[PDB]
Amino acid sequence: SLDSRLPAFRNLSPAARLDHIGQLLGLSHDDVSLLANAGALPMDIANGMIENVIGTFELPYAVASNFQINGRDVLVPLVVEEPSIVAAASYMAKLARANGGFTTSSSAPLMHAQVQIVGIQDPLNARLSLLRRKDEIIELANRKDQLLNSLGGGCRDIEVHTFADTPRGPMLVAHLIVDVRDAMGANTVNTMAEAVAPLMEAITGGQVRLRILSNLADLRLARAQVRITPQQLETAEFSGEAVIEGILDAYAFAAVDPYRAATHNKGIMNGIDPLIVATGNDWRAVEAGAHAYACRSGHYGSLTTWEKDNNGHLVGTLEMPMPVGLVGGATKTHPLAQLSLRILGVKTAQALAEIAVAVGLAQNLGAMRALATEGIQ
């Protein structure tokens, strides 16, 4: 159906760009008019969104072209201040289309709720007392949020970890594992963590302290793949084969050197965070999950991978935590976050997460390609 190629888009006026988007999507007049004039976020909404509001602050709102996800073309809205990002994403997506576009998958939308318990004399024994009573705790967690349960989410499981060696004594930390459906999940799981805390306290005999989600959302992973052939990467100076080898050298550099990995992953987030902003979502949560995950091994490394396959084609992956929502907060109340969701066509939060990692992978590829092909001056 949709054709995201957007021929000539980069050279069109903003008004003509918006008209072409509107035709492809069948946008209503009200939708297009959200960009007829500045001020689409009414001040009454802005004033209800955060505290001490005195006005609004604009960033450019753009659409990356050419993206295709599991064979379906998609248009990607992005909000950011920095040049080259949107063009690089668009151009790498153009190259990806020739080899099948981006292929994506994701896990269920599972989030951790931590419950921290201090002052237990026998924490290792208390862990087993909690695990034996897992079903009772899960049932309690699922008591209140009737809507979530009806929609196919809810607390699925508990894990319990112990930290024997802290300067503040031993700590037991229970994790509720919660399917949050189309929410990012923080209010859902924080509510459950506060709800089960008295019962955990009764089972363990400790004092509950923190009841709080984890932003290291490593059970809520999204995955993207891309493939590029050497003919597509040939430049005036370098064969495509040589460019592929240069990109592999750049990847190996990021995998060994944290000073490079930080910059390399920053480029991924140049692609991802503007889509988070465009959909009214929390970009600090996505950033923290991204970079903490990059150093889960004890070494801060690259979130993407880059290889050559047995045909000599460049293949990239991005697998990372990606907690986002279609509901909640500004995603619902900002008229342009709703328009962004309309432009994307996503029907679940995990579908939005899959587009996010495709854009992050495309952005990293574009950044590496530029650096690997620039002549010595």
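By rigid core we mean the largest C-alpha set that fits within 1.5 Å across both forms. Counting begins at 1, following the sequence as shown.
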Which stretch is less alike in 9 other deposited structures of this protein, 285 to 293 or 140 to 148, counting RMS CA distance after the rigid core is superposed?
-> 140 to 148
Rigid core superposed, root mean square over structures and residues, which stretch has C-alphas farther from this form in 9 other deposited structures of this protein, 161 to 169 or 263 to 271?
-> 161 to 169
Entry-level comparison of average CA B-factors, 287 to 295 and 138 to 146, reporting the higher stretch = 138 to 146
Comparing 267 to 275 with 165 to 173, which stretch shows the greater average C-alpha B-factor in the deposited entry?
-> 165 to 173
Among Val53, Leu314, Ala64, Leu27, which carries the highest Cα B-factor?
-> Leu27
Between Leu35, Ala337, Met320, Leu352, let me know which has the highest C-alpha B-factor in the entry?
-> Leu35
Relative C-alpha B-factor of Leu18, binned into the chain's lowest, middle or highest third | highest
CA B-factor ranking of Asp282, expressed as a third of its chain = lowest
Would you check the entry's CA temperature factor for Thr304 and let me know if it's in the chain's lowest, middle or highest third?
-> lowest
Report the third (lowest, middle or highest) to which the CA temperature factor of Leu131 belongs, ranking only the modelled residues of the same chain.
-> highest
Going by the entry, which third of its chain does the Cα temperature factor of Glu201 land in?
-> highest
